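> output the structure for:
(4 chains, ligands or ions: 7)
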Amino acid sequence: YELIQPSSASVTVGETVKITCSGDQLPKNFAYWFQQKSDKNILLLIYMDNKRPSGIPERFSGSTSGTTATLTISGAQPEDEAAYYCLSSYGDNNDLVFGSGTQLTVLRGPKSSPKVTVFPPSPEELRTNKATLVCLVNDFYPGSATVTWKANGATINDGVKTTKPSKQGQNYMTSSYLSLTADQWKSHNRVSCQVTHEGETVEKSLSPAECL
Amino acid sequence: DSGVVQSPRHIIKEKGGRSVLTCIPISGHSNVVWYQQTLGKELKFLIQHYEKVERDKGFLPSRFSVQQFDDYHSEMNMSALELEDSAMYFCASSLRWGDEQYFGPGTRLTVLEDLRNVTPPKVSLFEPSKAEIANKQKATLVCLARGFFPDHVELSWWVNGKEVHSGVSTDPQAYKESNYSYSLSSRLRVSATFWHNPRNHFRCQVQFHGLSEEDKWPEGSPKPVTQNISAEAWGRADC
Amino acid sequence: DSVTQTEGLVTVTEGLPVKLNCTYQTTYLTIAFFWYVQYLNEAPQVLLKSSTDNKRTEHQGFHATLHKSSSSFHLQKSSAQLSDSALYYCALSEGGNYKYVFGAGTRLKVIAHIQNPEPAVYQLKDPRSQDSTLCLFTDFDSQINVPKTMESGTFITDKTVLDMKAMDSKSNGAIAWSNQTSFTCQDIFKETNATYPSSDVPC
Amino acid sequence: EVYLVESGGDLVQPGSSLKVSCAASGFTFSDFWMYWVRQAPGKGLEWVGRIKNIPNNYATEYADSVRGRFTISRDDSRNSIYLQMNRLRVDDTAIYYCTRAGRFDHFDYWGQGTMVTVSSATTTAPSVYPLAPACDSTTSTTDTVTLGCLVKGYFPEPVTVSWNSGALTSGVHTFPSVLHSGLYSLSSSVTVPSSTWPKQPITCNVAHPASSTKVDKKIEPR
Ligand SMILES: *[C@@H]1O[C@H](CO)[C@@H](O)[C@H](O)[C@H]1NC(C)=O
Ligand SMILES: *[C@@H]1O[C@H](CO)[C@@H](O)[C@H](O)[C@H]1NC(C)=O
Ligand SMILES: *[C@@H]1O[C@H](CO)[C@@H](O)[C@H](O)[C@H]1NC(C)=O
Ligand SMILES: *[C@@H]1O[C@H](CO)[C@@H](O)[C@H](O)[C@H]1NC(C)=O
Ligand SMILES: *[C@H]1O[C@H](CO)[C@@H](O)[C@H](O)[C@H]1NC(C)=O
Ligand SMILES: *[C@H]1O[C@H](CO)[C@@H](O)[C@H](O)[C@H]1NC(C)=O
Ligand SMILES: *[C@H]1O[C@H](CO)[C@@H](O)[C@H](O)[C@H]1NC(C)=O
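Numbering: from 1, shown residues only, chains lettered A, B, ... in the order given. Ligands and ions are numbered 1, 2, ... in the order given. Have a look at this structure:
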């Protein structure tokens, strides 16, 4: 069948969170909780839906009632913000299955602001007659900031591509790109990259693209 | 029924586990009492009930709470099971106060630390000895069930599809081959003539008892469930 | 209150008599005394029960007469069959408390008597797995003390009687097995008073 | 010291066939069932199948997602299990992980994995282009300075991007890749104090395992 798991999750350092995995055949089959860090390493947190392996944090309990097993991170910590997948079986041949994984985020408190950094197309880049404008944004917490470019004060919606990664222990980042016809940038006027940091109507503007 | 009924007859569980025992008293009898036999056989009084759930208490652990029903069906609620609770829980019944009690088949439950330690046995049929046959004019078939844990087994001999007891001798109690490994052997003796008969079948069946419905078995190997493992051989080895 | 009875094992040889001692201690008027026999792998069943102070209460072999004076419901059986091998419980029911007192218990092990003892230890094989250090000690006297294991991987069970298809005498057994595939039945069976018959296979 | 090493991944055209293996070391491969598990980039963990040992008839079981095309095989003589994948589909592109299940150990050790790319495209060598500002956009808090490299034009598995061959580790920022017209792209930033680079070398060493991408790009000023 299918195993349900909340799409995400959020807990504040020190406090405690609860991830639920609902499985129709849970009552009949065991559960297993795994942890996947940005590093992509698979970590077995709990097994037999309530027996934690030595070497793992005691704050990782794993109860399980009826058709819903649960991982419980007591006094959640920072280095705990990663992916969580519940595992179990189904059918006569005990088929195996994972949940849709859960993305818990650990709130800290130090609300920082954006740190944009636009970058004009490379000379050799234009050589290939290509204008790829890289607009970055650093040191910010928490909410994702929608980095929208603008041309002469009018949003741009073509050839763009952005992300919303988060690494550097307590430090979020992004890499909002933007392609452009070499003869579009050479013939452009006000290449922008408006960032919108959470909590504030933020607009680090930094209206770039002006010099030569 | 004019006979006490007890269920289940075998319960294996892990600590913290929670099971329930059942007892169908002999029809007519009002007085129902639950007894527990521990290591070596020492009948101990738990809680007695007379005509509905009227009671005279005993050493019945608070975790265990039994009650009677209209049909007089009485069940024993076991909760927070511990290795110490590993016993033979018999249920006896009787009529008016003072005359002849009747024990049911009993429910032998075994609470263990690690279920994963449960495991079926390995039946092996060892044929007679050429010597024995010649000298004593007899054929002794040795059967040896090995490496299994909960000594919840019952070896049975089967010759030609029919069960047999004449000439059979199973070990009284299974030995502890290891700390987590038991073993039980038995033997059967038939004439050198019967053994020689190639049209004669011999089967040693070992009824093992494992987990059931509440099969919360680790998803890393086969759940050892109650089962029948055997080993069979025919007549004279062909020369 | 209590009903104390013999604590030994009372080993007996078929044919000789038996006698399990049982005395009681009650504060109320006893209503009836009973003897329970619980056979290996079986629930405890009544063997016989009594209420009068002299009724050679008889049943499938056993007999036991009660005597209030000296407070006793002793049990005895002249001839002892191997079937009698079981656990025995002495109990009673007394007035007032309604109590149904039970006796500690007494194990009973009747052994066989071999006419012409033919001590012998053979080594049987297993067509299945290649490993199989098995030995069979049979027809040895019912009084000899079968040796015990001296090392791991090895093991010597306890003697056991078998009476094949009602024809004649029975036979005492005791099998041993080990992993020390270096040993032999004679060695495995330390202190040996037997013949270890064996040789190469014809054909 | 229990070790599980996957091997065999590769980028191959759809409808193809790939046979990846899983190596073992640090235990009795004997009393353990092994399993296969892949995972799509942004997708969750997905179980492929399992293969019991000999005492269990080596019984094999596959998820529904690949019951008729994917197969597993065990080789005790080598202490390994394999995955024969046929009629592959792009949606098969993933990193395959193999784990184990014993009498008491369950899904404890996982291998690094092995990438399988099922797509109708070819290794498109990357192209790194220096990123540098200095357009004194009056409102300069240039307490520090940043820049990097724009690796663009690659598509195969992940790549590597160092700086000054490691020396520079603080102030670096390798963001997550980006799918653009079937071609990947990635940049790497670095932040130092205003007076540290125009003088000291701020080179970035890009790599692309797929195709010998021994690149170095001494970022000179404009
Ligand atoms: C048994 O008793 C426990 C008390 O801890 C209770 O939770 C449970 O519902 C009872 N179940 C039965 C079948 O008596
Ligand atoms: C279970 O049995 C195995 C083998 O007998 C033993 O190694 C282990 O210590 C036992 N208990 C547990 C929790 O593994
Ligand atoms: C197992 O053996 C250990 C010795 O290490 C002993 O302490 C323990 O009581 C034994 N447990 C069982 C269930 O036999
Ligand atoms: C196991 O025992 C049951 C009941 O005695 C019998 O019906 C069944 O055939 C046995 N199984 C085997 C494999 O002999
Ligand atoms: C009572 O006497 C008999 C006769 O020998 C003996 O076997 C029994 O052990 C005695 N009772 C006790 C408690 O020793
Ligand atoms: C053989 O004896 C036991 C069981 O066969 C086994 O555990 C042991 O390793 C072996 N003997 C020795 C001395 O190792
Ligand atoms: C040794 O002791 C026995 C007991 O069986 C006696 O019958 C006999 O004289 C002796 N037999 C052997 C083989 O030593």
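> so what does residue B:193 look like in phi/psi?
phi -80, psi -40 (degrees, to the nearest 10).
> that one: neighbouring residues, count only.
Other residues near residue B:193 come to 13 when the count uses other CB atoms under 10 Å in any protein chain shown. For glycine as for every other residue, the C-beta is placed from the backbone atoms N, C-alpha and C.
> also residue A:186?
Using other CB under 10 Å, residue A:186 is surrounded by 12 other residues.
> next, it: phi, psi?
Reported as degrees, to the nearest 10, the phi and psi values for residue A:186 are phi -60, psi -30.
> check contacts around it.
Going by CB atoms under 8 Å, 6 or more residues apart in numbering or on different chains, residue A:186 touches A:126, A:131.
> nearest residue to residue B:50 other than its sequence neighbours?
residue B:31 (5.1 Å; CB to CB, 6 or more residues apart in numbering or on different chains).
> so how far is residue B:101 from that neighbour?
Distance, residue B:31 to residue B:101, by CB to CB, to the nearest Å: 8 Å.
> spit out the residues that contact those two alike.
Contacts common to residue B:31 and residue B:101, judged by CB under 8 Å, 6+ apart, are B:93-94.
> give me the more crowded residue out of those two.
residue B:101 (23 against 20).
> surely the more buried one and residue B:90 touch.
No. Using CB atoms under 8 Å, residue B:101 makes no contact with residue B:90, being 10.0 Å away.
> give me the number of neighbouring residues for the closest residue to ligand 1 within chain D.
Distances between chain D and ligand 1 by CB to the nearest ligand atom are smallest at residue D:106, namely 29.4 Å. Neighbourhood size, residue D:106 [other CB under 10 Å]: 23.
> same deal with the one 4 residues further on?
Counted by other CB under 10 Å, the residues lying close to residue D:110 total 18.
> tell me how far it lies from ligand 5.
In this view, residue D:110 and ligand 5 are 66 Å apart by CB to the nearest ligand atom, to the nearest Å.
> ok, residue C:186 next?
Going from residue C:186 to ligand 5 by CB to the nearest ligand atom gives 38 Å.
> report back the residue of chain D that's furthest from centre.
Largest separation from the mean C-alpha position in chain D: residue D:138, at 41.8 Å (CA atoms, centre = their mean).
> what helix or strand does that residue sit in?
Assigned by DSSP states H and E, residue D:138 falls within no helix or strand.
> quick one, phi psi at it?
Taking degrees, to the nearest 10, you get phi -30, psi 100 for the backbone angles of residue D:138.
> run a quick neighbour tally on residue D:191.
Using other CB under 10 Å, residue D:191 has 19 neighbouring residues.
> please read the previous query as pertaining to residue A:128.
14.
> which part of chain B gets nearest to chain A, residue-wise?
residue B:219 (5.2 Å; CB to the nearest CB).
> now do the same for the most centrally placed residue in chain B: helix, strand or coil?
Compute the mean C-alpha point of chain B, and by CA atoms, centre = their mean the closest residue is residue B:152, 4.8 Å away. Classification of residue B:152 using DSSP: H, G, I helix; E, B strand; the rest coil returns coil.
> quick check: it touching residue B:9?
No. Residue B:152 is not in contact with residue B:9 according to CB under 8 Å; the separation is 9.7 Å.
> what sits in contact with each of these two?
In contact with both residue B:152 and residue B:9: residue B:108, using CB under 8 Å, 6+ apart.
> now do the domain split for the chain, please.
By default, I'm working from chain A. As given by curated CATH domains, the domain ranges for chain A are A:1-108, A:109-212.
> sorry, I should have been clearer: chain D.
Taken from curated CATH domains, chain D resolves into D:1-120, D:121-220.
> related to what we said a few turns ago, switch the domains of chain A over to JSON lines; also include distance to residue B:19.
Listed next are these as JSON lines, based on distance: least, CB to CB, whole Å:
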{"stretch": "domain A:1-108", "distance to residue B:19": "16"}
{"stretch": "domain A:109-212", "distance to residue B:19": "49"}
